[PDB]
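Novice: Once you've had a glance at the structure underneath, I'll fire off some questions.
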Ligand code: SF4
Ligand code: SF4
Ligand code: FES
Ligand code: FES
Ligand SMILES: [Fe+3]
Ligand SMILES: [Fe+3]
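Protein chains in written order, with the authors' numbering: chain A, 4 to 636; chain A', 4 to 636. A prime marks a further copy of an entry chain.
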């Protein structure tokens, strides 16, 4: 079972699932083997009814698609469509928040409101919306309107790209025609240009993909901006993670999916309705997080994280999960089937994301509180139905310190230098205490034993004094293995990095260091790491492709993460990926993405499946950046 | 070779290509066999890096995707993405025209202009834009702005759906939540909802697809509206088709692709520069059409149609095609490779549609005339390089009467009844002279011997007194086999239909009947057939799903045609398709699309590969509609 997951709590429930005959994602993966090699290499195309077409990676025919499409064209078209799908997912999430803010400040969704006035005002100034002399509800309405405007063509390009990156970076991107004109405009243009009998030039295709990946960055950043306005900018918090955060005695309610517009309300209302859970014989309502919406409520409210990504079914297998509350993205549809065996009430809430067999509760922002009550009452009723039934919650959990927004990181640094808060961090980069910065992002993937790449690469980089920040299921993987607990700084961190984490933590009145890894939030909160690295770049007067900053999507899965890794490359970062995407069937495409894209953006993909080697290659990329600045390494 | 194409001119060049060793689409198809059965049935998914996943249509594992996605979910997700890609293609075409009109009436593209004032004004009134008291350049600017606005969310739904369909049809669609909110908004929402771990309910998924197919209808209709404003509403014209329209002595220039913003300029300028072709020893500049942009210039200017779709390489094989001028969609990328052997200069002109090996001439509307000259001069130079070289143009051509816009059809009918022009057509429907109406649309497909379904179904329906209208490569197939020549009315048409075509033609001062099939234009001009059938529905006070009107995508290929067939079903038509899309791996999905969608929209797909049976099934659907009106059949 340790070949399936490195998580001991996950291993325990794989054993339960096996003896109870419940099929798991790993069983379904086993049943899928050997997987198709055409699809695995990218040498397959179904973009018209003359297909499916395939190309032998080596040997005799077929060598070309029926229409004449080459291996490099087919491979670039499929990758482009992946980026556009990811962009669409982050786009719909941000759009949802934009509509919610608009409804809130027009008196239509009274359950929502401007909770962060400081963020609202700083966003308006970033965008050049006037603050002085304007009411907050009118500033917010203007900000919401500008968010919605970035989805279509207009007189300006996408502001959630051009106002968030260093200006030298925007200039370099504009010179190559890479600045998105509108978020949904780029998505549609990708779908067009990759359809049959359109764009048939690998380089042209890939440049379109880089541009669309910046449409995804825009959606992430606007998702983060809007969620902070509506729900508060995260600040450091302490909580726990892994399955041991379930309580046999309480009504265990999982928020699962991505968008907090729903889950943030569930958190708030659950607190009020906890007298009503006691009436049914539970201690209360134990709200726990799964996947990114769990990260959202962990980052803002300290909701404990139950589990993540590939292992999400395992929360159900305990027998104690009374309800799983879904919006969209990364929900294994199997949870609807597994619920028949575990008793869990699975509830979908968004019109465009239903699962056959799951209870659907239409959720409307105008009636959010009533909807949350109806859903929490279904959870209460399910906990009743399992009173007396035996549960197996693995007694396994870790301590998690999280909530490291870019605002919170800068504020923490400000305690060392009040008027130049980035200077102490840069000072320790220059003197070697911080070797560089690595962002871990993305998913788990059934192809990789869960968390194995994340923890192995992280252990090695931390020893080498790398400041590690993490998001999404990368943060989930690290937090479930102890990397967000300050008690592990001595074991995990190098002396230089420990010095820095200790100085900052003690200067923030903690008596202890910062945790070994800084949790910066959900997948859209990859935008927070951009905001930080862009702030570092601007204080130093250099572009991102000169900073000792790298990224690792060490176990990635979703089209969203493909878009993120592409925009990490596009904004100039060396970007390690731990599962090969379907590109190896074209050497020219692989070469563009791993080498010659350096000449355009300064970033590049690092393909490396073995995580020890991956850590070496990431350190090498960090140290090459150090040298280009004339720094010791 | 007659197993490859029923076109005798195409057969002749297949023989030339074979002996010269030039590989063709049919050779590439042969080399692709046996094609993958997972993809053919739709039981394959690559929407995340845990894939590729497949499902055995029958038997043992794999039975489900790794994430738990069922066969019905995988099949519905892939179909949805096809509709969105088609919608994106018609969207980008319409968007292009919208930007051109805006530039034209703002003094930025002086090569363009309001050529059809009547169409401009009637569009403004359809949309409720004010005409009386307004300048034309200001009405047009308002119309262009409303076109661009329909791509994103706003206070109104997509007007190029809600103002073009019968109001009872809009009401039925709204009740099911099927009205698009914005064109690129629906495209992005499809891409989101079909990504991993989102929508996992076949019915929910398919309803999203119907809605996105109406976003495609909107793009088609707005493409037709804008092209008519800018370039003129088509009116009846006479010209020729097939390879025999090439002339060994002239500079033969093919316009190929979809968007006339480019090709309409090529037509105009080529006329001026024909003294300059004589200086190089050609009789002139023979502009000919391929695919839909050829239909556009055929419909408006009587440019002869060279060939279409699957057989487009064959124009090159003659040796006399000096240049092929491309914008996007349905261009086999093989033309760039074949040009090395035939001498043809292949020229791409749009930034997002390049082919490796082809000459790229950036085309800008602000400099359209200079660009057209540079391109026509390359054609002139290539004709020089082949003086003395021997050519093999098959001496095969047909007479084509075309240009039957809905305006032109109504005007022609008006000569029989000036104040109630639709009444004579309805009168002959009621009395049986016209059994019903069939639209042929879509592509050729290498899987079907070229034109075989189109001509066989058409021959049978015309004998049974069906009024046949046709667009795109369906019109191409019919026109290359003589169905647009009035001299064939006696052989092809039934006595009732002949009576009607004769009465209308003679009343329009022709001494002869209308041609056996009415050519209504390019693929986006499928919107013209909607406008006609909606006008018929409104005059009768019934919805489209009560009219004896059907459609046949008899040889379809492109994601665009998948979107068109879906919106034909969505607006209420029985819709025959001659190549199975990848859905047969899910009985529940096949059942929705072929039967139970009747209960939602009144339309339904008719899957039928054998064209004789297809004609029987189409007649049965027409006759069932007749009966529901209490009409004799
Ligand atoms: S687009 Fe070309 S390569 Fe793809 S399925 Fe169609 S014919 Fe084959
Ligand atoms: S989305 Fe599901 S079915 Fe598709 S490739 Fe990923 S795991 Fe497989
Ligand atoms: S041939 Fe297997 S992914 Fe298409
Ligand atoms: S298994 Fe062949 S299309 Fe994927
Ligand atoms: Fe996740
Ligand atoms: Fe065509």
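For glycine and all other residues, C-beta sits at the position ideal for the given N, C-alpha and C.
Run the proximity test for residue 194 of chain A: is its beta-carbon closer than 7 Å to any non-hydrogen atom belonging to ligand 2?
Specialist: no
Novice: When the distance is taken between beta carbons, is residue 578 of chain A' closer than 8 Å to residue 556 of chain A'?
Specialist: yes
Novice: Give a yes or no on whether 8 Å exceeds the smallest Cβ distance from residue 266 of chain A to chain A'.
Specialist: no
Novice: Starting from residue 278 of chain A', trace the alpha helix (DSSP H) both ways and give me its first and last residue.
Specialist: From DSSP, the alpha helix (DSSP H) with residue 278 of chain A' extends over 277-282.
Novice: Go to residue 140 of chain A', then tell me how far its alpha helix (DSSP H) extends in each direction, as first and last residue.
Specialist: 139-152
Novice: For ligand 5, any of its heavy atoms closer than 7 Å to the Cβ of residue 333 of chain A'?
Specialist: no
Novice: Among A'/176, A'/404, A'/252, A'/350, which one has its Cα closest to the Cα of residue 390 of chain A'?
Specialist: Nearest C-alpha to residue 390 of chain A': A'/252.
Novice: Identify whether residue 425 of chain A lies in helix, strand or coil by the three-state DSSP scheme.
Specialist: helix
Novice: With distance defined between alpha-carbon atoms, name the residue in A/275, A/24, A/65 nearest to residue 373 of chain A.
Specialist: A/275
Novice: Is any heavy atom in ligand 1 found nearer than 7 Å to the beta carbon of residue 69 of chain A?
Specialist: Remark: the C-beta of residue 69 of chain A is in contact range of ligand 1, defined as less than 7 Å to any heavy atom.
Novice: Tell me, which residues are paired with residue 327 of chain A' by DSSP?
Specialist: Answer is A'/257, A'/349.
Novice: Check the Cβ of residue 207 of chain A against every Cβ in chain A' and list those closer than 7 Å, keeping chain order.
Specialist: Result: 357.
Novice: Comparing C-alpha positions only, which one of A'/319, A'/108, A'/65, A'/243 sits nearest to residue 36 of chain A?
Specialist: A'/65
Novice: My understanding is that residue 42 of chain A touches residue 49 of chain A', with C-beta atoms under 8 Å, so please give their C-beta distance in whole angstroms.
Specialist: 5 Å
Novice: Which chain A residues sit within Cβ distance under 8 Å of residue 2 of chain A'?
Specialist: Because residue 2 of chain A' is not part of the residues shown, which for chain A' are 4 to 636, the question remains open.
Novice: How many Å lie between residue 232 of chain A' and residue 121 of chain A' at the Cα?
Specialist: 8 Å
Novice: Do residue 246 of chain A and residue 310 of chain A have their beta-carbon atoms positioned less than 8 Å apart in this structure?
Specialist: yes
Novice: Answer yes if the stretch 609-621 of chain A comes into contact with the stretch 546-564 of chain A, meaning at least three C-beta pairs across the two stretches below 8 Å, and no otherwise.
Specialist: Using a Cβ-Cβ distance cut-off of 8 Å, the stretch 546-564 of chain A and the stretch 609-621 of chain A are in contact, since at least three pairs of beta carbons, one from each stretch, lie closer than that value.
Novice: At a Cβ threshold of 8 Å, is residue 199 of chain A' touching chain A?
Specialist: yes
Novice: Considering only the alpha carbon of each residue, which of A'/628, A'/488, A'/259 lies closest to residue 553 of chain A'?
Specialist: Nearest C-alpha to residue 553 of chain A': A'/628.
Novice: Under 9 Å, CB to CB, which of the residues in the stretch 5-17 of chain A' have a partner in chain A?
Specialist: none
Novice: Among A/475, A/441, A/239, A/482, whose alpha-carbon lies nearest the alpha-carbon of residue 466 of chain A?
Specialist: Checking every option, the nearest Cα to that of residue 466 of chain A belongs to A/441.
Novice: Shorter than 8 Å from the beta carbon of residue 204 of chain A' to some beta carbon of chain A?
Specialist: Yes, because at least one Cβ of chain A sits closer than 8 Å to the Cβ of residue 204 of chain A'.
Novice: List the whole-angstrom C-beta distance separating residue 368 of chain A from residue 115 of chain A, where the pair is believed to meet the contact cut-off of C-beta under 8 Å.
Specialist: 6 Å
Novice: For residue 320 of chain A' versus residue 290 of chain A', is the C-beta spacing smaller than 8 Å?
Specialist: no
Novice: Taking residue 560 of chain A as the query, report the chain A' residues whose CB atoms sit under 8 Å from its CB, ordered along the chain.
Specialist: By Cβ distance, chain A' contributes 51, 52, 53, 199.
Novice: For the stretch 193-202 of chain A' and the stretch 225-242 of chain A', state whether three or more C-beta atom pairs, one from each stretch, are separated by less than 8 Å.
Specialist: Verdict: no, contact absent.
Novice: Taking only heavy atoms of ligand 1 into account, decide whether any of them is closer than 7 Å to the Cβ of residue 72 of chain A.
Specialist: Within the cutoff, so yes.
Novice: Count the other CB atoms, across all protein chains shown, that sit within 10 Å of the CB of residue 6 of chain A'; report buried if there are 16 or more and exposed otherwise.
Specialist: Exposed.
Novice: Is residue 89 of chain A' near ligand 6, in the sense that its beta carbon is under 7 Å from a heavy atom of that ligand?
Specialist: no
Novice: Run the CB neighbour count on residue 192 of chain A', radius 10 Å, all protein chains shown included, and call it buried at 16 or more, exposed below.
Specialist: buried
Novice: Is residue 42 of chain A near ligand 3 - that is, is its Cβ less than 7 Å away from at least one heavy atom of it?
Specialist: yes
Novice: Would residue 212 of chain A' pass as an interface residue toward chain A - the criterion being a Cβ-Cβ separation below 8 Å?
Specialist: no
Novice: Rounded to the nearest angstrom, what separates residue 51 of chain A' and residue 188 of chain A at their Cα positions?
Specialist: 23 Å
Novice: DSSP puts residue 521 of chain A' in a beta bridge; with which residues?
Specialist: Bridge pairing for residue 521 of chain A': A'/472 [DSSP].
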